[PDB]
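Structural overview
Residue-level listing of the chains:
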Amino acid sequence: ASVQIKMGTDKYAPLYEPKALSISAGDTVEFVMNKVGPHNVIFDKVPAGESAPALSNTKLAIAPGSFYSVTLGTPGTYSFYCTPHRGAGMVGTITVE
Amino acid sequence: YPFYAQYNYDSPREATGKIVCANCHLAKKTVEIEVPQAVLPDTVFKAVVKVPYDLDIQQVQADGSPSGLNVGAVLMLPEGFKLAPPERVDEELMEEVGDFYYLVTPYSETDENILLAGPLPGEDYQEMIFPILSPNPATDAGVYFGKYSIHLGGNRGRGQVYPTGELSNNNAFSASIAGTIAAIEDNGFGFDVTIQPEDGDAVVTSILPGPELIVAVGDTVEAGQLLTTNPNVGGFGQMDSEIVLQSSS
Ligand code: HEC
Ligand SMILES: [Cu+2]
(Lines give C-alpha, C1' and ligand atoms only; values in the text may rest on other atoms or scores of the structure.)
(Ligands and ions follow the chains in the order given, each with its own letter.)
Protein backbone atom coordinates (compact mmCIF):
# COMPACT_ATOMS: atom_id res chain seq x y z
CA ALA A 1 0.00 0.00 0.00
CA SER A 2 0.99 3.63 -0.42
CA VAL A 3 3.59 4.52 2.19
CA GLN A 4 5.56 7.60 3.17
CA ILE A 5 9.08 8.36 4.32
CA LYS A 6 9.39 10.91 7.10
CA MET A 7 12.73 12.64 7.53
CA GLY A 8 13.27 13.46 11.19
CA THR A 9 11.74 12.42 14.49
CA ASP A 10 9.73 14.40 17.01
CA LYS A 11 12.86 14.03 19.11
CA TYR A 12 14.58 16.60 16.93
CA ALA A 13 16.50 13.57 15.70
CA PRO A 14 17.32 13.57 11.98
CA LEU A 15 16.50 10.02 10.96
CA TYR A 16 14.45 8.28 8.30
CA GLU A 17 11.09 7.06 9.55
CA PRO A 18 10.00 4.53 9.47
CA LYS A 19 13.59 3.34 9.67
CA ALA A 20 12.31 0.38 7.69
CA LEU A 21 9.66 0.30 4.98
CA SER A 22 8.08 -2.51 3.00
CA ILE A 23 5.98 -2.46 -0.15
CA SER A 24 5.10 -4.45 -3.24
CA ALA A 25 6.07 -4.11 -6.89
CA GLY A 26 3.76 -1.32 -8.01
CA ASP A 27 3.46 0.48 -4.69
CA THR A 28 4.58 4.03 -3.99
CA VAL A 29 6.90 5.54 -1.41
CA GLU A 30 6.25 9.15 -0.46
CA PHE A 31 8.69 11.39 1.37
CA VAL A 32 7.95 14.21 3.78
CA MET A 33 10.17 16.42 5.90
CA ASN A 34 9.65 16.15 9.64
CA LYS A 35 12.29 18.53 10.96
CA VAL A 36 16.01 19.09 11.38
CA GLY A 37 16.27 19.93 7.70
CA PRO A 38 16.94 20.42 5.07
CA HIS A 39 16.79 16.93 3.59
CA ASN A 40 16.93 15.06 0.30
CA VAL A 41 16.83 11.63 -1.30
CA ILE A 42 20.24 10.06 -1.75
CA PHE A 43 19.76 6.34 -2.28
CA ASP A 44 22.66 4.03 -1.50
CA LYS A 45 22.18 1.37 -4.16
CA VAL A 46 19.59 -1.11 -5.37
CA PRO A 47 19.74 -4.51 -7.07
CA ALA A 48 19.11 -5.04 -10.77
CA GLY A 49 15.69 -3.71 -11.67
CA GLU A 50 15.70 -0.12 -10.48
CA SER A 51 18.18 2.74 -10.53
CA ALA A 52 18.96 3.80 -6.98
CA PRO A 53 21.89 5.88 -8.23
CA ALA A 54 19.48 7.90 -10.33
CA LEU A 55 16.37 8.60 -8.30
CA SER A 56 18.63 10.35 -5.82
CA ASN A 57 17.44 13.94 -5.88
CA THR A 58 19.91 16.53 -4.62
CA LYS A 59 17.13 19.10 -4.69
CA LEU A 60 17.40 19.81 -0.99
CA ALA A 61 13.81 20.81 -0.36
CA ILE A 62 14.17 23.60 2.16
CA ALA A 63 10.46 24.35 2.13
CA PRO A 64 9.00 21.90 4.66
CA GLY A 65 5.78 20.15 3.70
CA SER A 66 6.23 17.10 1.51
CA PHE A 67 9.13 16.54 -0.85
CA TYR A 68 7.55 14.19 -3.35
CA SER A 69 6.44 10.65 -4.10
CA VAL A 70 7.73 7.95 -6.42
CA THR A 71 6.42 4.57 -7.53
CA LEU A 72 8.56 1.45 -7.63
CA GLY A 73 8.28 -2.01 -9.13
CA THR A 74 11.65 -3.73 -9.07
CA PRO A 75 11.58 -6.40 -6.36
CA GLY A 76 14.24 -6.26 -3.67
CA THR A 77 15.43 -4.20 -0.73
CA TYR A 78 16.36 -0.60 -1.43
CA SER A 79 18.75 1.35 0.77
CA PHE A 80 19.30 5.09 1.05
CA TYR A 81 20.63 7.83 3.29
CA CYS A 82 20.64 11.55 4.00
CA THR A 83 23.43 13.40 2.24
CA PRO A 84 23.63 15.89 5.12
CA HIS A 85 22.44 13.76 8.01
CA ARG A 86 24.93 11.09 7.03
CA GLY A 87 26.80 11.04 10.32
CA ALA A 88 23.71 11.87 12.35
CA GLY A 89 22.64 8.35 11.47
CA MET A 90 19.75 8.90 9.09
CA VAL A 91 19.47 5.77 6.98
CA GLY A 92 16.50 3.63 6.02
CA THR A 93 15.35 0.82 3.75
CA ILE A 94 12.54 0.02 1.35
CA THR A 95 11.31 -3.40 0.30
CA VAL A 96 9.29 -4.14 -2.81
CA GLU A 97 7.86 -7.62 -2.35
CA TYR B 1 23.83 22.49 10.33
CA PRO B 2 22.77 24.17 13.50
CA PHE B 3 21.34 20.81 14.48
CA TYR B 4 24.82 19.34 14.35
CA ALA B 5 26.09 22.03 16.69
CA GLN B 6 23.37 21.15 19.16
CA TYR B 7 24.29 17.49 19.23
CA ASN B 8 28.01 18.09 19.46
CA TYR B 9 28.27 20.97 21.88
CA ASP B 10 26.23 21.91 24.88
CA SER B 11 27.72 25.38 24.70
CA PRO B 12 28.01 26.89 21.28
CA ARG B 13 30.55 29.49 22.32
CA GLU B 14 34.02 28.45 23.36
CA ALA B 15 35.90 30.22 26.13
CA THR B 16 38.02 31.81 23.47
CA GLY B 17 34.81 33.14 22.05
CA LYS B 18 35.06 30.96 19.02
CA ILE B 19 31.68 29.66 17.91
CA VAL B 20 31.44 25.90 17.43
CA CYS B 21 30.27 26.07 13.83
CA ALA B 22 33.89 26.87 13.07
CA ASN B 23 34.90 23.33 13.85
CA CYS B 24 33.05 22.12 10.73
CA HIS B 25 32.95 25.23 8.56
CA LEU B 26 36.61 25.95 8.07
CA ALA B 27 36.61 29.11 5.96
CA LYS B 28 36.05 32.58 7.31
CA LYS B 29 33.50 34.94 5.81
CA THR B 30 31.86 38.06 7.15
CA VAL B 31 28.88 38.21 9.45
CA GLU B 32 26.94 41.34 10.22
CA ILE B 33 24.48 42.16 12.95
CA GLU B 34 22.69 45.37 13.80
CA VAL B 35 20.65 46.13 16.88
CA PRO B 36 19.51 49.24 18.62
CA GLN B 37 21.81 51.13 20.95
CA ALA B 38 19.51 50.52 23.87
CA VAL B 39 16.20 48.90 24.66
CA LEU B 40 13.63 49.26 27.43
CA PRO B 41 12.91 46.31 29.69
CA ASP B 42 10.18 44.01 28.45
CA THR B 43 10.27 45.37 24.94
CA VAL B 44 10.67 43.92 21.49
CA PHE B 45 13.37 45.07 19.10
CA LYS B 46 14.85 43.83 15.86
CA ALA B 47 18.22 42.22 15.37
CA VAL B 48 19.23 42.30 11.73
CA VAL B 49 21.57 39.60 10.47
CA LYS B 50 23.31 39.46 7.10
CA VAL B 51 25.61 36.81 5.66
CA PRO B 52 27.20 38.02 2.49
CA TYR B 53 28.44 35.98 -0.43
CA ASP B 54 28.44 36.38 -4.17
CA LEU B 55 25.11 35.06 -5.36
CA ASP B 56 26.65 34.45 -8.76
CA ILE B 57 28.97 31.76 -7.43
CA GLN B 58 27.72 28.21 -7.08
CA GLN B 59 28.86 25.60 -4.57
CA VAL B 60 29.58 21.91 -4.81
CA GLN B 61 26.58 19.99 -3.55
CA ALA B 62 26.29 16.53 -2.07
CA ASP B 63 25.95 14.90 -5.49
CA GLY B 64 29.02 16.79 -6.69
CA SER B 65 27.01 19.08 -8.95
CA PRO B 66 26.87 22.80 -8.58
CA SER B 67 23.98 24.52 -6.81
CA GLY B 68 22.98 27.45 -4.60
CA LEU B 69 24.10 28.07 -1.04
CA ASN B 70 22.05 27.89 2.13
CA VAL B 71 22.64 30.07 5.15
CA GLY B 72 22.14 29.76 8.88
CA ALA B 73 23.25 31.37 12.08
CA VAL B 74 23.42 31.23 15.84
CA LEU B 75 22.55 34.43 17.64
CA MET B 76 23.58 34.52 21.25
CA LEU B 77 21.64 37.04 23.24
CA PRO B 78 22.22 38.02 26.80
CA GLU B 79 20.62 36.17 29.68
CA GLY B 80 16.90 36.69 29.90
CA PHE B 81 16.59 37.71 26.26
CA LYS B 82 14.45 35.52 24.05
CA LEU B 83 12.81 35.54 20.66
CA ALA B 84 9.64 37.57 20.97
CA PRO B 85 6.34 35.84 21.10
CA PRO B 86 3.99 36.72 18.31
CA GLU B 87 1.59 38.42 20.70
CA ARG B 88 4.38 40.70 21.83
CA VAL B 89 5.35 41.95 18.39
CA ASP B 90 3.87 45.34 17.72
CA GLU B 91 1.77 45.91 14.63
CA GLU B 92 4.06 47.95 12.44
CA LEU B 93 6.88 45.50 13.10
CA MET B 94 5.22 42.15 12.44
CA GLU B 95 5.65 42.29 8.69
CA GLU B 96 9.24 43.55 9.09
CA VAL B 97 10.45 40.57 11.06
CA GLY B 98 11.08 37.04 9.94
CA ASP B 99 8.20 34.72 10.56
CA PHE B 100 8.81 34.97 14.18
CA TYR B 101 7.88 31.62 15.19
CA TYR B 102 8.87 29.36 12.39
CA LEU B 103 12.34 30.50 11.50
CA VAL B 104 13.67 30.58 15.05
CA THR B 105 14.59 27.63 17.24
CA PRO B 106 16.08 27.72 20.69
CA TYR B 107 19.45 26.07 21.20
CA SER B 108 18.03 24.14 24.13
CA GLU B 109 15.19 24.40 26.60
CA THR B 110 17.45 26.16 29.09
CA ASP B 111 19.17 28.01 26.19
CA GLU B 112 16.26 30.15 24.90
CA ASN B 113 18.64 33.15 24.73
CA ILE B 114 20.58 31.32 22.01
CA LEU B 115 18.64 31.39 18.75
CA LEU B 116 19.30 29.23 15.71
CA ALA B 117 18.04 29.82 12.19
CA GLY B 118 18.56 27.89 8.97
CA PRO B 119 19.34 26.35 6.89
CA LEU B 120 17.48 28.76 4.65
CA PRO B 121 17.98 29.47 0.99
CA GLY B 122 20.64 32.13 0.62
CA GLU B 123 18.98 33.78 -2.33
CA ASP B 124 15.78 34.24 -0.36
CA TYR B 125 17.18 35.70 2.83
CA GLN B 126 19.40 38.68 2.27
CA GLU B 127 18.55 39.81 5.75
CA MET B 128 17.28 37.71 8.62
CA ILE B 129 15.43 39.80 11.13
CA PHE B 130 14.95 38.37 14.59
CA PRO B 131 12.22 39.83 16.74
CA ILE B 132 13.73 39.92 20.19
CA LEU B 133 12.10 40.43 23.55
CA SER B 134 14.21 41.93 26.33
CA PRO B 135 13.92 40.71 29.90
CA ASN B 136 12.64 42.70 32.87
CA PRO B 137 15.06 42.94 35.72
CA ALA B 138 12.47 44.10 38.19
CA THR B 139 10.75 40.77 37.78
CA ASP B 140 13.86 38.76 37.00
CA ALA B 141 16.64 38.61 39.60
CA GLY B 142 19.00 36.87 37.21
CA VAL B 143 19.28 39.90 34.98
CA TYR B 144 20.18 43.48 35.72
CA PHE B 145 20.22 46.65 33.67
CA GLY B 146 23.51 47.36 31.98
CA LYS B 147 25.39 46.99 28.73
CA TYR B 148 25.54 43.54 27.24
CA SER B 149 27.21 41.80 24.37
CA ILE B 150 25.52 39.81 21.64
CA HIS B 151 27.47 37.23 19.70
CA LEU B 152 26.67 36.25 16.16
CA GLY B 153 27.92 33.23 14.26
CA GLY B 154 26.78 33.09 10.67
CA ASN B 155 27.46 30.59 7.95
CA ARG B 156 26.78 30.06 4.27
CA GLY B 157 27.65 26.98 2.26
CA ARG B 158 28.30 23.33 3.08
CA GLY B 159 30.75 22.38 5.78
CA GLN B 160 34.07 20.56 5.43
CA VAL B 161 33.57 17.90 8.07
CA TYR B 162 30.74 15.72 9.29
CA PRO B 163 29.89 14.86 12.84
CA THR B 164 31.15 11.51 11.70
CA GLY B 165 34.51 13.19 11.62
CA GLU B 166 34.92 12.30 7.99
CA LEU B 167 35.55 14.98 5.40
CA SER B 168 32.85 16.13 3.03
CA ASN B 169 33.17 16.56 -0.72
CA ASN B 170 33.51 20.29 -0.18
CA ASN B 171 37.10 20.09 1.04
CA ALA B 172 40.66 19.64 -0.15
CA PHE B 173 41.99 16.10 -0.48
CA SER B 174 45.68 15.37 -0.03
CA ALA B 175 48.14 12.73 -1.18
CA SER B 176 48.33 9.97 1.36
CA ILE B 177 51.89 9.31 0.27
CA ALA B 178 54.64 10.71 -1.92
CA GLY B 179 55.24 9.18 -5.31
CA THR B 180 54.23 9.46 -8.94
CA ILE B 181 50.69 9.41 -10.24
CA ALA B 182 50.32 6.38 -12.45
CA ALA B 183 46.69 6.97 -13.25
CA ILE B 184 43.37 8.50 -12.25
CA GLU B 185 39.80 7.15 -12.88
CA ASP B 186 36.55 9.24 -13.01
CA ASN B 187 32.71 9.20 -12.32
CA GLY B 188 33.09 12.70 -11.16
CA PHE B 189 34.64 10.78 -8.33
CA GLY B 190 38.18 10.03 -8.78
CA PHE B 191 37.65 6.61 -7.52
CA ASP B 192 41.28 6.73 -7.34
CA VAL B 193 44.43 8.57 -7.81
CA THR B 194 46.99 5.83 -7.91
CA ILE B 195 50.36 6.80 -6.59
CA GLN B 196 53.52 4.80 -6.97
CA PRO B 197 55.70 5.22 -3.99
CA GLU B 198 59.45 5.40 -3.85
CA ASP B 199 59.92 1.70 -3.39
CA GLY B 200 57.54 -0.20 -5.65
CA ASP B 201 54.34 0.09 -3.64
CA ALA B 202 51.21 1.58 -5.15
CA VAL B 203 48.56 3.30 -3.08
CA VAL B 204 45.19 4.60 -4.02
CA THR B 205 43.56 7.77 -2.75
CA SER B 206 39.87 8.14 -3.31
CA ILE B 207 38.35 11.53 -3.80
CA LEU B 208 34.63 12.19 -4.09
CA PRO B 209 33.06 14.11 -6.95
CA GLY B 210 33.21 17.87 -6.53
CA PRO B 211 36.78 18.83 -5.81
CA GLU B 212 38.83 19.52 -8.91
CA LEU B 213 42.02 17.62 -9.47
CA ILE B 214 45.11 19.79 -9.49
CA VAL B 215 47.36 16.97 -10.64
CA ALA B 216 47.85 14.99 -13.80
CA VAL B 217 49.07 11.50 -14.46
CA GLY B 218 52.82 11.15 -14.56
CA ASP B 219 53.12 13.90 -12.00
CA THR B 220 55.11 13.51 -8.82
CA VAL B 221 53.56 14.57 -5.56
CA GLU B 222 54.83 14.93 -2.02
CA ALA B 223 52.99 13.37 0.85
CA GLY B 224 50.18 15.54 2.09
CA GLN B 225 50.31 17.64 -1.01
CA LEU B 226 47.00 18.79 -2.39
CA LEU B 227 45.44 16.51 -4.98
CA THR B 228 42.62 18.94 -5.55
CA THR B 229 41.77 22.59 -5.27
CA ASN B 230 39.65 23.85 -2.45
CA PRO B 231 36.17 23.89 -3.83
CA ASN B 232 34.75 25.70 -0.79
CA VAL B 233 32.75 28.79 -1.80
CA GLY B 234 31.22 29.61 1.58
CA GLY B 235 32.37 30.28 5.08
CA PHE B 236 31.52 31.03 8.68
CA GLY B 237 32.13 34.32 10.45
CA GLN B 238 31.45 35.90 13.80
CA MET B 239 30.69 39.39 14.96
CA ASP B 240 29.90 40.90 18.31
CA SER B 241 27.76 43.90 19.15
CA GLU B 242 26.59 45.51 22.34
CA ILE B 243 23.19 46.65 23.52
CA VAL B 244 22.17 48.60 26.59
CA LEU B 245 19.36 47.27 28.72
CA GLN B 246 17.94 50.60 29.79
CA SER B 247 15.79 51.75 32.66
CA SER B 248 12.52 53.36 31.74
CA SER B 249 12.09 57.01 32.21
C1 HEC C 1 29.88 18.45 12.82
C2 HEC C 1 30.21 19.56 11.76
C3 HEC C 1 29.28 20.65 11.62
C4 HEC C 1 28.89 21.52 12.56
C5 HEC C 1 29.19 21.51 14.05
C6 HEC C 1 28.01 22.48 11.93
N7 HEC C 1 27.82 22.20 10.60
FE8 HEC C 1 26.76 23.15 9.27
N9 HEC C 1 27.14 21.77 7.93
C10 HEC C 1 28.14 20.80 8.00
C11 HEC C 1 28.28 20.06 6.76
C12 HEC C 1 29.31 18.95 6.39
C13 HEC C 1 27.33 20.55 5.94
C14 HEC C 1 26.98 20.06 4.56
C15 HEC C 1 25.95 18.93 4.54
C16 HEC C 1 25.67 18.48 3.12
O17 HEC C 1 24.99 19.25 2.39
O18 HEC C 1 26.14 17.38 2.75
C19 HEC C 1 26.63 21.60 6.67
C20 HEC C 1 25.68 22.46 6.13
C21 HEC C 1 25.16 23.61 6.77
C22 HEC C 1 24.22 24.54 6.14
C23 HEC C 1 23.61 24.34 4.76
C24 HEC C 1 24.58 25.06 3.77
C25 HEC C 1 24.26 24.81 2.30
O26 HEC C 1 24.60 25.68 1.46
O27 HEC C 1 23.67 23.75 1.99
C28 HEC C 1 24.09 25.58 6.99
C29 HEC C 1 23.27 26.83 6.76
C30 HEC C 1 24.89 25.27 8.17
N31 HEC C 1 25.53 24.04 8.02
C32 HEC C 1 25.05 26.11 9.25
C33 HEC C 1 25.75 25.80 10.39
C34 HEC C 1 25.78 26.62 11.63
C35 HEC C 1 25.27 28.02 11.78
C36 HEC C 1 26.46 25.90 12.59
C37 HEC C 1 26.82 26.31 13.92
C38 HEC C 1 25.68 26.81 14.82
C39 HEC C 1 26.79 24.61 11.93
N40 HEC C 1 26.38 24.55 10.60
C41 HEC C 1 27.50 23.59 12.55
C42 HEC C 1 28.84 20.52 9.14
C43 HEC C 1 28.63 21.10 10.39
CU1 LIG D 1 17.87 14.40 6.91
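Rules behind the numbers
Residues numbered from 1 in each chain as written, not as in the entry; some residues may be left out. Chains lettered and ligands numbered in written order. Heavy atoms only, no water. Helix = DSSP H or I, 4+ residues; strand = E, 2+ residues; numbered from the N terminus. Buried < 20%, exposed > 50% of the residue type's maximum accessible area, 1.4 Å probe, protein only. Contact = heavy atoms within 4.5 Å. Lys, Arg positive; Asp, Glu negative; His and termini not counted. Charge placed at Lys NZ, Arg CZ, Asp CG, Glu CD. Donors = N, O, S within 2.8 Å, 3.2 Å for Na, K, Ca; no water. Near = heavy atom within 4 Å. Polar contact = N/O pair within 3.5 Å; in protein donor to acceptor, adjacent residues only side chain to side chain. Nonpolar A, V, L, I, M, F, W, Y, C, P; charged D, E, K, R; others polar. UniProt positions renumbered as here; feature names shortened; annotations may be inferred. Salt bridge = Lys/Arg side-chain N within 4 Å of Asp/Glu carboxyl O. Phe/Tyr/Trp six-rings, centres within 6.5 Å; stacked < 30°, edge-to-face > 60°. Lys NZ or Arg CZ within 6 Å of the ring centre and 35° of its normal. Core = buried A, V, L, I, M, F, W, Y, C linked by side-chain atoms within 4.5 Å. Tetrahedral: all angles 85-135°; square planar, octahedral: opposite > 155°, others 65-115°.

**Here we look at the overall build of chain B**
Along its length, chain B carries four helices and 16 strands. Dimensions of chain B, computed from C-alpha atoms along their principal axes, come out at roughly 80 × 35 × 25 Å. Sorting the 249 residues of chain B into buried and exposed places 44% on the buried side. Long-range pairs, those at least 24 residues apart, make up 70% of the contacts in chain B with a sequence separation of at least 6. Between the mean site of the 11 positive side-chain charges and the mean site of the 35 negative ones, chain B shows a separation of 9 Å.

**Digging into the coordination of the copper ion (ligand 2)**
All names here are of chain A. Bound to the copper ion (ligand 2) on the protein side are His39 (ND1), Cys82 (SG) and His85 (ND1), at distances that span 2.0 to 2.4 Å. Mapping the donors of the copper ion (ligand 2) onto the primary sequence yields the spacing H-x42-C-x2-H. Here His85 lies in the loop between β7 (77-81) and β8 (91-96) and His39 lies in the loop between β4 (28-33) and β5 (42-45), a separation of 46 residues in the sequence.

**Some details on the site of ligand 1**
By nearness alone, 24 residues border ligand 1, and B:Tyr1, B:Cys21, B:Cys24, B:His25 and B:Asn70 come closest of all. More than one chain reaches ligand 1: its neighbouring residues belong to chains A and B. The separation between a nitrogen atom of ligand 1 and a polar main-chain atom of B:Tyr1 is 2.7 Å. For the shell around ligand 1, the elements supplying multiple residues, two or more each, are α1 (2-8), α2 (21-24) and β6 (70-76) of chain B. Looking at the shell around ligand 1 residue by residue, the class counts come to 14 nonpolar, nine polar and one charged.

**Quick notes on the UniProt feature "binding site: Cu cation" in chain A**
Residue and element names in this part refer to chain A. UniProt's entry tags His39, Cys82, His85 and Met90 with the feature "binding site: Cu cation", counted in the numbering of this structure. Across 52 residues in sequence, these annotated residues keep their C-alpha atoms within 10.2 Å of one another, forming a single compact spot. With relative accessibility at 0%, the residue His39 sits in the buried group. Not counting residues up to four positions away in its chain, the partners in contact with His39 are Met7, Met33, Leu60, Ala61, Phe67, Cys82, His85 and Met90. At 2.8 Å, the side chain of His39 forms a polar contact with the backbone oxygen of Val36.

**Regarding the interface of chain A and chain B**
Taken together, the contact between chain A and chain B spans 15 residues of the former and 13 residues of the latter. One can count zero salt bridges joining chain A with chain B. Partitioned by chemical class, the residues of the side of chain A that touches chain B number nine nonpolar, five polar and one charged.

**A short note on the UniProt feature "binding site: heme" (unreviewed entry) in chain B**
Per the UniProt record, "binding site: heme" (unreviewed entry) is found at B:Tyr1, B:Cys21, B:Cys24 and B:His25. Across 25 residues, the annotated set stays spatially compact, with a maximum C-alpha separation of 9.7 Å. Among the structural elements, B:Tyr1 can be located in the segment before α1. When neighbours within four sequence positions are excluded, B:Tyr1 is seen to be in contact with A:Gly37, A:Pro38, A:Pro84, A:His85 and B:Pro119.

**Here's the deal with the environment of A:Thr95**
Assignment of secondary structure puts A:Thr95 in strand β8. When the C-alpha atoms of A:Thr95 and A:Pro75 are compared, they prove to be 7.3 Å apart, with 20 residues separating the residues in sequence.

**Some details on the packing of aromatic side chains**
Residue and element names in this part refer to chain A. For the structure on display, the rule yields nine aromatic pairs over all chains. Taking the centre distance of 6.5 Å and the plane angle of 85° together, the rings of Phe31 and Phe80 count as edge-to-face. One end of the pair, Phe31, is in strand β4; the other, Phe80, is in strand β7, and 49 residues separate them in sequence. A residue is classified by how much of its surface remains accessible, and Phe80, at 3% relative accessible area, is buried. Put simply, the rings of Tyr16, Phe31, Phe43 and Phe80 pair up and form one aromatic cluster. Over the ring of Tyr12 we find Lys35; its NZ or CZ atom is 3.1 Å from the centre of that ring.

**Section: the nonpolar core**
Ranked by internal contacts, the top residues of the largest apolar core, which has 29 residues, are B:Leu75, B:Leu115, B:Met128, B:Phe130, B:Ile132 and B:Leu152. Broken down by secondary-structure element, the contributors of at least two residues to this core are β3 (44-50), β6, β9 (114-121), β10 (128-133), β11 (146-156) and β16 (235-245) of chain B. Those residues in contact with B:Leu152 that lie beyond four places of it in its chain are B:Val31, B:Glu32, B:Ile33, B:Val49, B:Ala73, B:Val74, B:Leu75, B:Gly237, B:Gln238, B:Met239 and B:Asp240. Counting 22 residues, the second largest nonpolar core, distinct from the first, contains A:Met33, A:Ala52, A:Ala61 and A:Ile94.

**Comments concerning the coordination of the iron atom of ligand 1**
A metal bound by six donors in octahedral fashion has ideal angles of 90 or 180 degrees, whereas one bound by four tetrahedral donors has an ideal angle of 109.5 degrees. Residues and elements named next belong to chain B. Here the iron atom of ligand 1 is held by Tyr1 (N) and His25 (NE2), and the distances to it run 2.2 to 2.5 Å. With six donor atoms in place around the iron atom of ligand 1 and angles of 82 to 179° between them, the coordination shape is octahedral. A residue pair is termed long-range when its members are at least 10 positions apart, and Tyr1 in the segment before α1 and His25 in the loop between α2 and β1 (32-34) qualify at 24 residues. Note on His25: relative accessible area 12%, which makes it buried.

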